[PDB]
Amino acid sequence: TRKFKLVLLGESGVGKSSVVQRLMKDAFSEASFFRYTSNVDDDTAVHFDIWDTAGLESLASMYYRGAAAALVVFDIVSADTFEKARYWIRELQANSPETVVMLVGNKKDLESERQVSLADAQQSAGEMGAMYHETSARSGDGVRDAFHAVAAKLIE
Ligand SMILES: Nc1nc2c(ncn2[C@@H]2O[C@H](COP(=O)(O)OP(=O)(O)O)[C@@H](O)[C@H]2O)c(=O)[nH]1
Ligand SMILES: [Mg+2]
């Protein structure tokens, strides 16, 4: 069964580890690595090997090597993490061109503390040829939706 490597990048504390834990928790209710199947439709299922990271050394090379997709998470309440995420996208686009990139707007549960416009963020992602999605890893809002999307894209 083909496994698609999917990696998590972004600043520390943006919620990478929590995003995936949430993914796994909700799926059971039917570095580190997590096996997860996104049922795209009733006909197609994508087998993801999700990787989650601890630092940035080069081990980075291995981390991203060969990845089919990547989620570059920022924190909606730290635009500092937003601008950092753009860096990560150029890293990938350059050294790992075949990888599908989705920029991920996490902590969406903090509506009122937000510092990064949703609009501004969708715009940058399109400008950079990346997908966008926002998620709340505590509510699990948008989490499954994000992985389903990337999987759609990779089928396509
Ligand atoms: N409010 C809120 N906090 C979150 C969310 N996801 C993660 N956090 C918190 O952000 C911190 C960092 O989470 P972690 O997964 O360790 O981030 P990582 O370092 O990027 O992997 C923790 O205190 C989490 O509870 C979210 O969706 N909403
Ligand atoms: Mg982490």
Side-chain angles (χ1 to χ4, degrees), residues 1-2 4-24 27-28 31-40 43-55 58 60-76 81-82 85-89 91-97 99-107 109 116 118 121-122 124-126 128-143 145-152 154 156:
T1 108
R2 167 137 171 212
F4 297 80
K5 183 191 192 176
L6 195 177
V7 299
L8 257 55
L9 300 175
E11 282 307 306
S12 32
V14 304
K16 289 175 308 287
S17 320
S18 314
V19 171
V20 59
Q21 290 156 21
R22 189 48 160 82
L23 172 69
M24 294 304 288
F28 171 84
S32 306
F33 315 109
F34 299 78
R35 299 269 227 244
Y36 170 80
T37 304
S38 168
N39 285 296
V40 190
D43 318 297
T44 329
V46 158
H47 303 279
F48 274 130
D49 192 19
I50 296 145
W51 295 35
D52 175 31
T53 195
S58 210
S61 328
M62 273 184 304
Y63 191 67
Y64 68 59
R65 183 62 165 188
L71 302 200
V72 185
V73 192
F74 65 94
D75 181 359
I76 232 95
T81 71
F82 179 54
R86 318 221 277 280
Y87 147 74
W88 276 111
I89 282 159
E91 267 298 289
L92 281 167
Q93 290 200 310
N95 296 300
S96 196
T99 316
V100 158
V101 182
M102 148 176 306
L103 179 78
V104 181
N106 185 56
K107 272 91 170 285
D109 52 291
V116 176
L118 156 75
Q122 306 182 247
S124 313
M128 275 177 317
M131 305 164 91
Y132 190 68
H133 217 285
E134 291 192 351
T135 61
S136 167
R138 287 237 194 53
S139 147
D141 190 29
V143 180
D145 315 66
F147 291 80
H148 183 286
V150 163
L154 278 161
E156 162 193 348

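Numbering of residues begins at 1 and proceeds along the displayed sequence.
The OH atom of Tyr132 sits 9.0 Å away from the OG atom of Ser124 when rounded to the nearest 0.5 Å. For the atom pair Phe82 CZ and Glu11 CD, the distance stands at 13.5 Å (nearest 0.5 Å). Residue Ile50 holds its CD1 atom at 7.5 Å from CG of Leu8, rounded to the nearest 0.5 Å. In this structure, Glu156 CD and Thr44 OG1 are separated by 12.5 Å, a value rounded to the nearest 0.5 Å. Atoms OG1 and CZ, on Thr1 and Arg35 in that order, are 8.0 Å from each other to the nearest 0.5 Å. For the atom pair CD (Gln93) and OG1 (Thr99), the distance works out to 9.5 Å, reported to the nearest 0.5 Å.
Residues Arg2 and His47 come closest through the heavy atom pair O-CB, 3.4 Å. Closest heavy-atom contact between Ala94 and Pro97: O-CG, 4.0 Å. Counting all heavy atoms, side chain and backbone alike, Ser38 lies closest to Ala151 at OG-CB, 3.8 Å. Nearest heavy-atom pair, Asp75 versus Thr81, reported as atom, atom and distance to 0.1 Å: N-OG1, 2.9 Å.
Looking only at atom types and distance, the side chain of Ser32 has no donor-acceptor partner in the side chain of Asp52 under 3.5 Å away.
With a 4.5 Å cut-off on side-chain heavy atoms, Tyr64 and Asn95 count as touching. Side-chain contact between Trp88 and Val101 is absent, with no heavy-atom pair separated by less than 4.5 Å. Between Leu9 and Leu92, the closest side-chain pair of non-hydrogen atoms falls below 4.5 Å. By the 4.5 Å heavy-atom criterion applied to side chains, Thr135 and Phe147 are not counted as neighbours. Looking at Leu23 and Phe34, their side chains never come closer than 4.5 Å, going by heavy atoms from C-beta outward.
No side-chain donor-acceptor contact under 3.5 Å links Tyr36 to the backbone of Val46. Judged by distance alone, the side chain of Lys16 and the main-chain N or O of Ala54 form no donor-acceptor pair under 3.5 Å. With hydrogens and angles ignored, the 3.5 Å screen pairs no side-chain donor or acceptor of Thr37 with any backbone N or O of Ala45. Within the 3.5 Å criterion, the main-chain N or O of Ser139 finds a donor-acceptor partner in the side chain of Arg22.
A side-chain contact (heavy atoms from CB on, under 4.5 Å) with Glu134 is found for exactly one of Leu103, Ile76, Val116, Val104, namely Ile76. Considering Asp109, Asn106, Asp141 as possible partners of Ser136, the one that fulfils the side-chain hydrogen bond (donor to acceptor under 3.5 Å, both in side chains) test is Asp109.
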Show your working on side-chain contact (heavy atoms from CB on, under 4.5 Å) between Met131 and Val100 and close with a plain yes or no. CA-CA 8 Å; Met131 305 164 91; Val100 158; 4.1 Å; yes
Can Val150 and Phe4 be said to form a side-chain contact (heavy atoms from CB on, under 4.5 Å), step by step? CA-CA 11 Å; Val150 163; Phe4 297 80; over 6 Å; no
